[PDB]
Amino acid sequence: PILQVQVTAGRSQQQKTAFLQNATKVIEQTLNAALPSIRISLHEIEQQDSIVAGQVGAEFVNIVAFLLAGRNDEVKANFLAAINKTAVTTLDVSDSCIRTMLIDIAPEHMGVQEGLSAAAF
């Protein structure tokens, strides 16, 4: 499951390092995808370049997760809980402010190694 993440700006590397590290380790820990399938990208966002509720500058994370369809409401429900857990622990933010977004892609619609669709595996 490749992941892209927006966090409110202003963290040390190891925050935005260890977070990606146990984000990977939690993406394995969240069934399927050994390792080579997962990636995670962090892209910090400036205050006065974001708004939570209606207050510009409000700390935030949104995870968009692209996974290969065929997975269960409850394993997905499990991703969400452990990944909010990790984001909280190692990004030093609130549980409430992480918006994850689980996007299940079909094997013919993900272009992977060699540009052969994921289906062709």
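The numbering used is simple: start at 1 and walk along the sequence shown.
In this entry, 25 to 33 has the higher mean Cα B-factor, the comparison being between 67 to 75 and 25 to 33. Of the two stretches examined, 89 to 97 and 58 to 66, the record assigns the greater average C-alpha temperature factor to 89 to 97. Compared with the other modelled residues of the chain, the Cα B-factor recorded for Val5 ranks in the lowest third. Residue-level temperature factors show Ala18 in the highest third of its chain, judged at the C-alpha atom.
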